[PDB]
Amino acid sequence: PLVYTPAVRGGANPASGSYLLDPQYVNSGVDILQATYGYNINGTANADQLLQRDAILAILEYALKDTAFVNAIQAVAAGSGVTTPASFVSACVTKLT
Amino acid sequence: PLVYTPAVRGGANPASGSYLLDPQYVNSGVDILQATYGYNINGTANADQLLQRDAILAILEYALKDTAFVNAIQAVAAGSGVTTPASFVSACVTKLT
Amino acid sequence: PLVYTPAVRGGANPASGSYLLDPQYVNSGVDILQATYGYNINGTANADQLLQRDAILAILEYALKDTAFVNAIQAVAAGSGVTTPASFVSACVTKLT
Amino acid sequence: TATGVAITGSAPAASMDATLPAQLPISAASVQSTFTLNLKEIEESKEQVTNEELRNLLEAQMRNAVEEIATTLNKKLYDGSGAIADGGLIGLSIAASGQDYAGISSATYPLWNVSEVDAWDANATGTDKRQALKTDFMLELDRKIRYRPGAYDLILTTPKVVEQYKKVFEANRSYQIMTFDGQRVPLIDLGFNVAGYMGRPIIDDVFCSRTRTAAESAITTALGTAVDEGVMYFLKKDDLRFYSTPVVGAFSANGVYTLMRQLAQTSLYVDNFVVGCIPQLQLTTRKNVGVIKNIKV
Amino acid sequence: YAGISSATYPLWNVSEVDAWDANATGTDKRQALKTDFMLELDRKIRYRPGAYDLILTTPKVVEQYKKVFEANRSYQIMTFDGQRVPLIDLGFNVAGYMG
Amino acid sequence: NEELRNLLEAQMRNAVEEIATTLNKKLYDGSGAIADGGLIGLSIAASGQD
């Protein structure tokens, strides 16, 4: 089970529901990201959605900055059946399951 | 071999360098990103980083919006040993090999 | 592998692309020709059509003036089945191959 | 929301409105043209050529290149679903449909779609279906603009569909003769123009079309093409604006800002000109939009 | 007609409207004269913005243009007071198409 | 925006105008029925009902 907390230093769960992501340097070098993240805008979360939001922020704080995650998602995009990038995001599903 | 053009319509490679992402609705419901993406700010991309940036913008545009991928990344975070999410991304990277 | 140049004394490759053929006396006697030759008008000559243009100016500068080429082309115009002068020009393809 | 609770009730289930962001970048593409004319050519064409609009090559071709930017641009105002090859435009084919166009979808939000009188009508005989503009595809569109309470000012109409609009009249007219005693013989004309559908005039564009979607797969594989050539586009003129960037040194050529910039010289007797601009189109509020897709044409 | 074949430059070859249909029954498929022909030709002449002045009409086709009026015309007497009687013309001559 | 800036006052007239736009909607569909305001409406006020 994941014990994630929002990875900004102060301002994890804001009052306005607009969690401002920290700037992160993504290719380990040359590119910055600078996202935000708005909370509930179509109702609330349905207690599966508190776990999916728990992992969307986990794949976005720690994984894109990490240089071991991006070297494997590069080699998924170098497979011999991956074009037209909706089959990229369906090939890496079958890897994870 | 992943071929890829950016999913924003008239903003494929900008002149100012600041590729502004279109807002996508991520949790299949209730949230919103409104990300950006800065180009070369710590050097230039040396022809292997044109493939890592190729896979970062694919996992950011066409993956977090998809509701089959986010349930596939949810189950990895609900295993046995995925705590303090540097072990979450290490349990994610062994599944991608 | 001819290295053919246009036979005007000055004015081989003209600036405006209107290569004015100098007047030539064709039957060795009685007629005058007075052509021109416009260069690129439906694109560029794409490195193969330079060689075809190399053989049309040669048949126009140096061949119709000649008195032996015109007697050989006279003999093809008295063959067994040479009428309707598009079977004339297809009977001399089968001579030149 | 606003629910009905009892008079001795409790607090009813909090809620609040939602606003959404928008998009349409103008930062990526452009549209350009070049000349590459000599310095001898511009001189000896002042004596040899005859017409006065061919003697000056630099004056003529610069007009001939600005007016090519203008005619390649509204061709891509009905197209341009892509990229650098289209010119960075977006286009009225996707800005008047159920597609995304600003990041705001239509599957998630059903109120970001336009009014459609799609006339394929898949129940008739095969490979032909495409029922003609009768009259009730058009006062039925006006019903759908009223539920989503908007108005319109302008109709777009490829001149094939004006020819189908004009044949609506000839199924509903008949000539009549009156005031006949001893004067001049009656005098047939049998021809008529178009005032344009109740004071909202019908402009007609030669280059107007609409690329069929990928959801209309069985339509475009039964007709061979996807250009559809039969759209109407009931639009509002003050709700649809055009952008271009004023870079320094640029001049306005019929509203569109263009920049000249003669290039550098390498030798004598050569010029190498260029000319270009950078466009973008905007369609705020899909309320004031109505389309009559798939006419018999 | 001048030096230009229409196959290499398609901005020649005049906008035509044919009246054969190639699939009606019989041996004479000529599709007599509808008003749709003068609207279909005006459509294909609009895509290249030129405007005609004349129509040249062998006078058998003027009869076919005149027999279109006879399909849809009638006579209405919208004056009821007396003092005069109507007078039949039953004849009419052609001004031309759209002026 | 000068309308989303004041967050209390804007949501105040998005509620008063929401009470009104659900009120004529139940001027046609009332039938008592406490889950819609207790109105009656013209479904049974202009018919053969009681």
# chains A, B, ... in the order shown; residues from 1 in each chain; ligands from 1

$ calpha_fit_and_write --fixed "chain A" --moving "chain B" --output "short mmCIF file (atom, residue, chain, number, x, y, z; two decimals) with N, CA and C atoms, in the first residue's frame"
data_model
loop_
_atom_site.label_atom_id
_atom_site.label_comp_id
_atom_site.auth_asym_id
_atom_site.auth_seq_id
_atom_site.Cartn_x
_atom_site.Cartn_y
_atom_site.Cartn_z
N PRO B 1 0.80 -1.37 -0.20
CA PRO B 1 -0.05 -0.21 0.09
C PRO B 1 0.75 1.08 0.06
N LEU B 2 0.55 1.89 -0.98
CA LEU B 2 1.31 3.12 -1.15
C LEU B 2 0.77 4.19 -0.21
N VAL B 3 1.60 4.63 0.73
CA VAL B 3 1.31 5.82 1.52
C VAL B 3 2.08 6.98 0.91
N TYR B 4 1.49 8.17 0.93
CA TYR B 4 1.99 9.25 0.11
C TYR B 4 1.50 10.59 0.62
N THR B 5 2.44 11.52 0.72
CA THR B 5 2.24 12.93 0.93
C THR B 5 2.87 13.68 -0.24
N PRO B 6 2.29 14.82 -0.65
CA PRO B 6 2.81 15.51 -1.84
C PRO B 6 4.20 16.10 -1.62
N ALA B 7 5.00 16.06 -2.68
CA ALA B 7 6.42 16.37 -2.59
C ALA B 7 6.72 17.85 -2.43
N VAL B 8 5.75 18.73 -2.71
CA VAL B 8 5.96 20.14 -2.42
C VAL B 8 5.94 20.30 -0.90
N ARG B 9 6.63 21.33 -0.41
CA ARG B 9 6.99 21.30 0.99
C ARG B 9 5.84 21.77 1.87
N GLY B 10 5.37 22.99 1.67
CA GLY B 10 4.32 23.50 2.53
C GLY B 10 2.97 23.64 1.86
N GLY B 11 2.72 22.83 0.84
CA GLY B 11 1.53 22.96 0.02
C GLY B 11 0.78 21.67 -0.22
N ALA B 12 0.60 20.86 0.82
CA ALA B 12 0.15 19.47 0.65
C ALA B 12 -1.28 19.39 0.12
N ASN B 13 -2.22 20.06 0.77
CA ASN B 13 -3.61 20.12 0.30
C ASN B 13 -4.07 21.56 0.43
N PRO B 14 -4.10 22.32 -0.66
CA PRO B 14 -4.31 23.76 -0.56
C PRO B 14 -5.76 24.13 -0.29
N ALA B 15 -5.94 25.36 0.16
CA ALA B 15 -7.28 25.87 0.42
C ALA B 15 -7.97 26.29 -0.87
N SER B 16 -7.22 26.90 -1.79
CA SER B 16 -7.79 27.36 -3.05
C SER B 16 -8.13 26.22 -4.00
N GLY B 17 -7.63 25.02 -3.75
CA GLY B 17 -7.87 23.89 -4.61
C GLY B 17 -6.85 23.69 -5.70
N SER B 18 -6.05 24.71 -6.02
CA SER B 18 -5.08 24.63 -7.11
C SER B 18 -3.73 24.24 -6.52
N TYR B 19 -3.46 22.95 -6.52
CA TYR B 19 -2.16 22.43 -6.11
C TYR B 19 -1.13 22.74 -7.18
N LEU B 20 -0.23 23.68 -6.90
CA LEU B 20 0.79 24.07 -7.86
C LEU B 20 2.03 23.22 -7.66
N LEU B 21 2.41 22.48 -8.70
CA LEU B 21 3.59 21.63 -8.65
C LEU B 21 4.86 22.45 -8.62
N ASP B 22 5.85 21.96 -7.89
CA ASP B 22 7.18 22.52 -8.00
C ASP B 22 7.79 22.16 -9.35
N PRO B 23 8.63 23.02 -9.92
CA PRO B 23 9.26 22.69 -11.20
C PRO B 23 10.35 21.66 -11.02
N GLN B 24 10.24 20.55 -11.75
CA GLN B 24 11.31 19.56 -11.75
C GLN B 24 11.92 19.48 -13.14
N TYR B 25 13.18 19.05 -13.17
CA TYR B 25 13.99 19.02 -14.37
C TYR B 25 14.03 17.58 -14.86
N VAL B 26 13.50 17.35 -16.06
CA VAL B 26 12.84 16.09 -16.38
C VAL B 26 13.71 15.18 -17.23
N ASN B 27 14.34 15.71 -18.27
CA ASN B 27 15.05 14.89 -19.25
C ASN B 27 16.45 14.47 -18.77
N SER B 28 16.72 14.61 -17.46
CA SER B 28 17.98 14.45 -16.71
C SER B 28 18.95 15.59 -17.00
N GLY B 29 18.64 16.36 -18.03
CA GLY B 29 19.35 17.51 -18.50
C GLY B 29 18.48 18.74 -18.52
N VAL B 30 17.81 18.87 -19.65
CA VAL B 30 17.74 20.11 -20.41
C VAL B 30 16.36 20.79 -20.36
N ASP B 31 15.35 20.18 -19.76
CA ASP B 31 14.00 20.73 -19.85
C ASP B 31 13.42 21.04 -18.47
N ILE B 32 12.15 21.44 -18.45
CA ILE B 32 11.47 21.86 -17.23
C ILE B 32 9.96 21.76 -17.47
N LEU B 33 9.22 21.33 -16.45
CA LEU B 33 7.76 21.20 -16.59
C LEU B 33 6.99 22.43 -16.14
N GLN B 34 7.11 22.81 -14.86
CA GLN B 34 6.29 23.84 -14.21
C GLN B 34 4.80 23.52 -14.32
N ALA B 35 4.42 22.35 -13.82
CA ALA B 35 3.03 21.94 -13.92
C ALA B 35 2.20 22.54 -12.79
N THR B 36 0.88 22.37 -12.88
CA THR B 36 -0.02 22.57 -11.76
C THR B 36 -0.87 21.33 -11.59
N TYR B 37 -1.87 21.38 -10.71
CA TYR B 37 -2.82 20.28 -10.56
C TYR B 37 -4.06 20.85 -9.88
N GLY B 38 -5.18 20.86 -10.59
CA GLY B 38 -6.43 21.31 -10.01
C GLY B 38 -7.14 20.16 -9.32
N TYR B 39 -7.70 20.45 -8.15
CA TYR B 39 -8.53 19.49 -7.44
C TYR B 39 -9.96 19.59 -7.95
N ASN B 40 -10.92 19.04 -7.20
CA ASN B 40 -12.25 18.61 -7.63
C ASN B 40 -13.03 19.63 -8.44
N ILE B 41 -13.21 19.36 -9.74
CA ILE B 41 -13.77 20.33 -10.66
C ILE B 41 -14.91 19.67 -11.44
N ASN B 42 -15.05 18.36 -11.30
CA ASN B 42 -16.14 17.64 -11.96
C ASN B 42 -16.77 16.65 -10.98
N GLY B 43 -17.10 17.13 -9.78
CA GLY B 43 -17.68 16.30 -8.75
C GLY B 43 -16.77 16.22 -7.53
N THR B 44 -16.79 15.07 -6.87
CA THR B 44 -15.87 14.77 -5.77
C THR B 44 -15.33 13.36 -5.96
N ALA B 45 -14.16 13.11 -5.38
CA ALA B 45 -13.50 11.82 -5.56
C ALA B 45 -14.07 10.77 -4.63
N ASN B 46 -14.58 9.68 -5.21
CA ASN B 46 -15.41 8.72 -4.48
C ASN B 46 -14.60 7.54 -3.94
N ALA B 47 -13.53 7.86 -3.21
CA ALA B 47 -12.75 6.94 -2.37
C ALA B 47 -12.03 5.81 -3.11
N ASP B 48 -12.22 5.71 -4.42
CA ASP B 48 -11.37 4.94 -5.31
C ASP B 48 -10.52 5.86 -6.17
N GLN B 49 -11.02 7.06 -6.40
CA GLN B 49 -10.29 8.13 -7.07
C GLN B 49 -9.32 8.83 -6.14
N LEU B 50 -9.37 8.54 -4.83
CA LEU B 50 -8.29 8.96 -3.95
C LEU B 50 -7.06 8.08 -4.08
N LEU B 51 -7.19 6.93 -4.74
CA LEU B 51 -6.03 6.09 -5.03
C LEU B 51 -5.50 6.33 -6.43
N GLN B 52 -6.36 6.74 -7.36
CA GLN B 52 -5.88 7.06 -8.70
C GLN B 52 -5.16 8.39 -8.71
N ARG B 53 -5.69 9.39 -8.00
CA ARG B 53 -4.96 10.65 -7.80
C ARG B 53 -3.69 10.43 -6.99
N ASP B 54 -3.69 9.41 -6.13
CA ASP B 54 -2.49 9.04 -5.39
C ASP B 54 -1.39 8.56 -6.33
N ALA B 55 -1.76 7.81 -7.37
CA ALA B 55 -0.77 7.27 -8.30
C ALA B 55 -0.44 8.23 -9.44
N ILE B 56 -1.31 9.19 -9.73
CA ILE B 56 -1.01 10.18 -10.76
C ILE B 56 0.05 11.16 -10.27
N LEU B 57 -0.10 11.65 -9.04
CA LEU B 57 0.90 12.55 -8.49
C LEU B 57 2.20 11.84 -8.13
N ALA B 58 2.19 10.52 -8.03
CA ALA B 58 3.44 9.80 -7.81
C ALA B 58 4.20 9.62 -9.11
N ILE B 59 3.48 9.38 -10.22
CA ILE B 59 4.12 9.19 -11.51
C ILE B 59 4.48 10.52 -12.15
N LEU B 60 4.03 11.63 -11.57
CA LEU B 60 4.31 12.96 -12.09
C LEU B 60 5.42 13.66 -11.33
N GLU B 61 5.57 13.38 -10.04
CA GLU B 61 6.58 14.02 -9.22
C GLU B 61 7.86 13.20 -9.11
N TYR B 62 7.73 11.91 -8.81
CA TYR B 62 8.89 11.09 -8.51
C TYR B 62 9.32 10.18 -9.65
N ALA B 63 8.69 10.26 -10.82
CA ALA B 63 8.98 9.32 -11.89
C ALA B 63 9.62 9.97 -13.10
N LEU B 64 9.03 11.05 -13.61
CA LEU B 64 9.59 11.74 -14.76
C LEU B 64 10.91 12.43 -14.43
N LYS B 65 11.14 12.76 -13.17
CA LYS B 65 12.42 13.33 -12.77
C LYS B 65 13.50 12.26 -12.72
N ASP B 66 13.13 11.01 -12.44
CA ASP B 66 14.09 9.93 -12.29
C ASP B 66 14.63 9.48 -13.63
N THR B 67 15.94 9.22 -13.67
CA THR B 67 16.62 8.89 -14.92
C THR B 67 16.71 7.40 -15.19
N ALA B 68 16.26 6.55 -14.27
CA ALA B 68 16.17 5.13 -14.55
C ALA B 68 14.80 4.75 -15.09
N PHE B 69 13.76 5.47 -14.68
CA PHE B 69 12.42 5.24 -15.20
C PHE B 69 12.28 5.74 -16.63
N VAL B 70 12.86 6.89 -16.94
CA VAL B 70 12.68 7.47 -18.26
C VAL B 70 13.48 6.71 -19.32
N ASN B 71 14.56 6.03 -18.94
CA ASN B 71 15.20 5.09 -19.86
C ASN B 71 14.44 3.78 -19.96
N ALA B 72 13.59 3.48 -18.98
CA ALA B 72 12.76 2.28 -19.05
C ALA B 72 11.49 2.52 -19.84
N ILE B 73 11.02 3.77 -19.89
CA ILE B 73 9.89 4.10 -20.74
C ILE B 73 10.37 4.47 -22.15
N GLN B 74 11.66 4.74 -22.32
CA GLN B 74 12.20 4.99 -23.65
C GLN B 74 12.24 3.72 -24.48
N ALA B 75 12.67 2.61 -23.87
CA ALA B 75 12.83 1.36 -24.60
C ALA B 75 11.51 0.75 -25.03
N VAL B 76 10.42 1.07 -24.33
CA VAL B 76 9.11 0.57 -24.74
C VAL B 76 8.66 1.26 -26.02
N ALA B 77 8.97 2.55 -26.16
CA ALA B 77 8.65 3.29 -27.37
C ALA B 77 9.57 2.97 -28.53
N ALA B 78 10.63 2.19 -28.32
CA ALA B 78 11.56 1.82 -29.38
C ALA B 78 11.41 0.37 -29.80
N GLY B 79 10.27 -0.25 -29.49
CA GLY B 79 10.02 -1.64 -29.85
C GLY B 79 9.63 -1.81 -31.30
N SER B 80 8.78 -2.80 -31.55
CA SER B 80 8.30 -3.10 -32.90
C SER B 80 6.77 -3.11 -32.87
N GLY B 81 6.17 -2.00 -33.28
CA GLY B 81 4.73 -1.84 -33.26
C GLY B 81 4.24 -0.68 -32.42
N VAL B 82 5.12 0.10 -31.81
CA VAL B 82 4.70 1.24 -30.98
C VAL B 82 4.70 2.47 -31.90
N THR B 83 3.60 2.63 -32.62
CA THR B 83 3.35 3.80 -33.45
C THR B 83 2.01 4.40 -33.06
N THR B 84 1.86 5.72 -33.33
CA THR B 84 0.65 6.51 -33.10
C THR B 84 0.16 6.37 -31.67
N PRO B 85 0.73 7.12 -30.71
CA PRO B 85 0.83 6.64 -29.31
C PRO B 85 -0.46 6.46 -28.53
N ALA B 86 -1.40 5.71 -29.11
CA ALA B 86 -2.39 4.97 -28.36
C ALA B 86 -2.05 3.50 -28.30
N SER B 87 -1.18 3.04 -29.20
CA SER B 87 -0.56 1.73 -29.10
C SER B 87 0.70 1.75 -28.25
N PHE B 88 1.29 2.93 -28.05
CA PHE B 88 2.38 3.04 -27.09
C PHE B 88 1.88 2.86 -25.67
N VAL B 89 0.75 3.47 -25.33
CA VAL B 89 0.22 3.31 -23.98
C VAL B 89 -0.41 1.94 -23.79
N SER B 90 -0.82 1.27 -24.87
CA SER B 90 -1.32 -0.10 -24.72
C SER B 90 -0.18 -1.09 -24.59
N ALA B 91 0.96 -0.81 -25.22
CA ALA B 91 2.14 -1.64 -24.99
C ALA B 91 2.78 -1.35 -23.64
N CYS B 92 2.51 -0.17 -23.08
CA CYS B 92 2.97 0.14 -21.73
C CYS B 92 2.09 -0.49 -20.67
N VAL B 93 0.80 -0.65 -20.94
CA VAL B 93 -0.10 -1.16 -19.91
C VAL B 93 -0.03 -2.68 -19.81
N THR B 94 0.37 -3.39 -20.87
CA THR B 94 0.54 -4.83 -20.76
C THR B 94 1.81 -5.19 -20.00
N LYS B 95 2.81 -4.30 -20.02
CA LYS B 95 4.01 -4.51 -19.22
C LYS B 95 3.77 -4.25 -17.74
N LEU B 96 2.76 -3.45 -17.40
CA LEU B 96 2.45 -3.13 -16.01
C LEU B 96 1.50 -4.13 -15.38
N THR B 97 1.23 -5.25 -16.04
CA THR B 97 0.38 -6.30 -15.49
C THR B 97 1.16 -7.60 -15.33
#

$ select_by_dssp --residues "chain A" --states "helix (DSSP H, G or I)" --output "MDAnalysis selection string"
chainID A and resid 49:61 69:76 88:96

$ closest_atom_pairs --of "chain D" --to "chain C" --cutoff "8 Å" --atoms "only C-alpha atoms" --output "Markdown table"
| residue | atom | partner | partner_atom | distance |
| --- | --- | --- | --- | --- |
| D:38 | CA | C:15 | CA | 7.5 |
| D:40 | CA | C:15 | CA | 6.7 |
| D:41 | CA | C:16 | CA | 5.3 |

$ residues_around --residues "residue 42 in chain E" --least-positions-apart "3" --cutoff "12 Å" --atoms "only C-alpha atoms" --output "list in words"
residues 159, 160, 162, 163, 166, 191, 192 and 193 of chain D; 15, 16, 17, 35, 36, 37, 38, 39, 45, 46, 47, 48, 49, 50, 51, 52, 97 and 98 of chain E

$ select_by_dssp --residues "chain A" --states "strand (DSSP E or B)" --output "MDAnalysis selection string"
chainID A and resid 18:19 25 32 37:38

$ residues_around --residues "residue 165 in chain D" --least-positions-apart "3" --cutoff "10 Å" --atoms "only C-alpha atoms" --output "PyMOL selection string"
chain D and resi 132-135+157+159-162+168-170+194+196-197+297

$ residues_around --residues "residue 102 in chain D" --least-positions-apart "2" --cutoff "7 Å" --atoms "only C-alpha atoms" --output "NGL selection string"
:D and (22-24 or 100 or 104)

$ write_last_selection --atoms "C-alpha atoms" --output "CSV table (one decimal), in the first residue's frame"
chain,number,residue,atom,x,y,z
D,22,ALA,CA,-8.9,27.8,-23.1
D,23,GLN,CA,-6.2,27.4,-25.7
D,24,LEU,CA,-5.4,28.0,-29.5
D,100,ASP,CA,-12.0,19.3,-28.9
D,104,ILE,CA,-12.5,21.3,-23.8

$ residues_around --residues "residue 91 in chain D" --least-positions-apart "6" --cutoff "12 Å" --atoms "only C-alpha atoms" --output "PDB file with C-alpha atoms, in the first residue's frame"
ATOM      1  CA  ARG B   9      -2.996  21.568 -32.451  1.00  0.00           C
ATOM      2  CA  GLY B  10      -1.073  24.571 -33.731  1.00  0.00           C
TER       3      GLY B  10
ATOM      4  CA  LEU D  24      -5.359  28.042 -29.501  1.00  0.00           C
ATOM      5  CA  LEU D  73      -5.057  31.100 -46.096  1.00  0.00           C
ATOM      6  CA  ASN D  74      -8.842  30.948 -46.358  1.00  0.00           C
ATOM      7  CA  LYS D  75      -8.299  27.649 -48.131  1.00  0.00           C
ATOM      8  CA  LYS D  76      -6.840  26.582 -44.775  1.00  0.00           C
ATOM      9  CA  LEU D  77      -9.558  28.277 -42.741  1.00  0.00           C
ATOM     10  CA  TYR D  78     -11.788  25.345 -43.697  1.00  0.00           C
ATOM     11  CA  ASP D  79      -8.894  22.895 -43.281  1.00  0.00           C
ATOM     12  CA  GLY D  80      -5.795  22.829 -41.142  1.00  0.00           C
ATOM     13  CA  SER D  81      -6.395  19.999 -38.694  1.00  0.00           C
ATOM     14  CA  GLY D  82      -2.641  19.550 -38.441  1.00  0.00           C
ATOM     15  CA  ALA D  83       0.616  21.273 -38.368  1.00  0.00           C
ATOM     16  CA  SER D  97     -18.114  20.059 -34.709  1.00  0.00           C
ATOM     17  CA  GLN D  99     -14.150  17.717 -31.621  1.00  0.00           C
ATOM     18  CA  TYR D 101     -10.611  22.604 -30.401  1.00  0.00           C
ATOM     19  CA  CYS D 208     -15.328  26.094 -48.740  1.00  0.00           C
ATOM     20  CA  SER D 209     -15.419  22.462 -47.599  1.00  0.00           C
ATOM     21  CA  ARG D 210     -15.463  20.290 -44.484  1.00  0.00           C
ATOM     22  CA  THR D 211     -13.248  17.269 -43.906  1.00  0.00           C
ATOM     23  CA  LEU D 240     -15.190  34.893 -34.873  1.00  0.00           C
ATOM     24  CA  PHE D 242      -8.585  36.563 -36.810  1.00  0.00           C
ATOM     25  CA  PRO D 279      -1.989  33.568 -38.663  1.00  0.00           C
ATOM     26  CA  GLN D 280      -4.440  32.183 -36.069  1.00  0.00           C
ATOM     27  CA  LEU D 281      -8.263  31.918 -35.962  1.00  0.00           C
ATOM     28  CA  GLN D 282     -10.609  31.980 -32.945  1.00  0.00           C
ATOM     29  CA  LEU D 283     -14.176  30.645 -32.415  1.00  0.00           C
TER      30      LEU D 283
END

$ atom_distance --atom1 "CA of residue 130 in chain D" --atom2 "CA of residue 234 in chain D"
20.0 Å

$ atom_distance --atom1 "CA of residue 20 in chain D" --atom2 "CA of residue 113 in chain D"
15.0 Å

$ residues_around --residues "range 266-278 of chain D" --least-positions-apart "4" --cutoff "7 Å" --atoms "only C-alpha atoms" --output "ChimeraX atom specification"
/D:29-40,244-245,257-262

$ write_last_selection --atoms "N, CA and C atoms" --output "PDB file, in the first residue's frame"
ATOM      1  N   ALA D  29       4.001  28.011 -36.399  1.00  0.00           N
ATOM      2  CA  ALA D  29       4.137  27.911 -37.842  1.00  0.00           C
ATOM      3  C   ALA D  29       3.972  29.273 -38.495  1.00  0.00           C
ATOM      4  N   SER D  30       4.144  29.281 -39.813  1.00  0.00           N
ATOM      5  CA  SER D  30       4.054  30.483 -40.623  1.00  0.00           C
ATOM      6  C   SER D  30       3.734  30.061 -42.052  1.00  0.00           C
ATOM      7  N   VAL D  31       3.713  31.028 -42.968  1.00  0.00           N
ATOM      8  CA  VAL D  31       3.411  30.765 -44.373  1.00  0.00           C
ATOM      9  C   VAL D  31       4.160  31.773 -45.246  1.00  0.00           C
ATOM     10  N   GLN D  32       4.984  31.287 -46.183  1.00  0.00           N
ATOM     11  CA  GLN D  32       6.001  32.126 -46.812  1.00  0.00           C
ATOM     12  C   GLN D  32       6.123  31.838 -48.307  1.00  0.00           C
ATOM     13  N   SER D  33       6.835  32.722 -49.019  1.00  0.00           N
ATOM     14  CA  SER D  33       7.055  32.612 -50.461  1.00  0.00           C
ATOM     15  C   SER D  33       8.319  33.371 -50.858  1.00  0.00           C
ATOM     16  N   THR D  34       9.014  32.895 -51.904  1.00  0.00           N
ATOM     17  CA  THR D  34      10.290  33.463 -52.352  1.00  0.00           C
ATOM     18  C   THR D  34      10.284  33.733 -53.856  1.00  0.00           C
ATOM     19  N   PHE D  35      11.256  34.531 -54.323  1.00  0.00           N
ATOM     20  CA  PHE D  35      11.282  34.977 -55.720  1.00  0.00           C
ATOM     21  C   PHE D  35      12.477  34.423 -56.485  1.00  0.00           C
ATOM     22  N   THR D  36      13.692  34.770 -56.046  1.00  0.00           N
ATOM     23  CA  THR D  36      14.982  34.492 -56.698  1.00  0.00           C
ATOM     24  C   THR D  36      15.004  34.965 -58.154  1.00  0.00           C
ATOM     25  N   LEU D  37      14.978  36.282 -58.335  1.00  0.00           N
ATOM     26  CA  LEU D  37      15.103  36.864 -59.665  1.00  0.00           C
ATOM     27  C   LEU D  37      16.424  37.614 -59.807  1.00  0.00           C
ATOM     28  N   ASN D  38      16.951  37.631 -61.033  1.00  0.00           N
ATOM     29  CA  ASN D  38      18.258  38.203 -61.324  1.00  0.00           C
ATOM     30  C   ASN D  38      18.191  39.723 -61.381  1.00  0.00           C
ATOM     31  N   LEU D  39      19.298  40.331 -61.796  1.00  0.00           N
ATOM     32  CA  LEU D  39      19.345  41.765 -62.026  1.00  0.00           C
ATOM     33  C   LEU D  39      19.415  42.094 -63.507  1.00  0.00           C
ATOM     34  N   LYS D  40      19.781  41.123 -64.339  1.00  0.00           N
ATOM     35  CA  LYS D  40      19.683  41.281 -65.784  1.00  0.00           C
ATOM     36  C   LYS D  40      18.254  41.067 -66.269  1.00  0.00           C
ATOM     37  N   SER D 244      -2.951  37.886 -36.065  1.00  0.00           N
ATOM     38  CA  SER D 244      -1.622  37.788 -36.650  1.00  0.00           C
ATOM     39  C   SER D 244      -0.683  38.658 -35.829  1.00  0.00           C
ATOM     40  N   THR D 245       0.630  38.318 -35.851  1.00  0.00           N
ATOM     41  CA  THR D 245       1.457  39.079 -34.919  1.00  0.00           C
ATOM     42  C   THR D 245       2.147  40.222 -35.628  1.00  0.00           C
ATOM     43  N   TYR D 257      -0.754  41.188 -41.193  1.00  0.00           N
ATOM     44  CA  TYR D 257       0.569  41.789 -41.070  1.00  0.00           C
ATOM     45  C   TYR D 257       1.608  40.883 -41.716  1.00  0.00           C
ATOM     46  N   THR D 258       2.322  41.390 -42.717  1.00  0.00           N
ATOM     47  CA  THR D 258       3.355  40.623 -43.400  1.00  0.00           C
ATOM     48  C   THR D 258       4.691  41.357 -43.345  1.00  0.00           C
ATOM     49  N   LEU D 259       5.779  40.595 -43.455  1.00  0.00           N
ATOM     50  CA  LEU D 259       7.137  41.102 -43.286  1.00  0.00           C
ATOM     51  C   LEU D 259       7.969  40.734 -44.509  1.00  0.00           C
ATOM     52  N   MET D 260       8.677  41.716 -45.075  1.00  0.00           N
ATOM     53  CA  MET D 260       9.328  41.512 -46.372  1.00  0.00           C
ATOM     54  C   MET D 260      10.713  40.871 -46.258  1.00  0.00           C
ATOM     55  N   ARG D 261      11.709  41.614 -45.751  1.00  0.00           N
ATOM     56  CA  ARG D 261      13.081  41.132 -45.525  1.00  0.00           C
ATOM     57  C   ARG D 261      13.774  40.530 -46.755  1.00  0.00           C
ATOM     58  N   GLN D 262      14.257  41.370 -47.669  1.00  0.00           N
ATOM     59  CA  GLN D 262      15.219  40.917 -48.678  1.00  0.00           C
ATOM     60  C   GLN D 262      16.438  40.266 -48.030  1.00  0.00           C
TER      61      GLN D 262
END
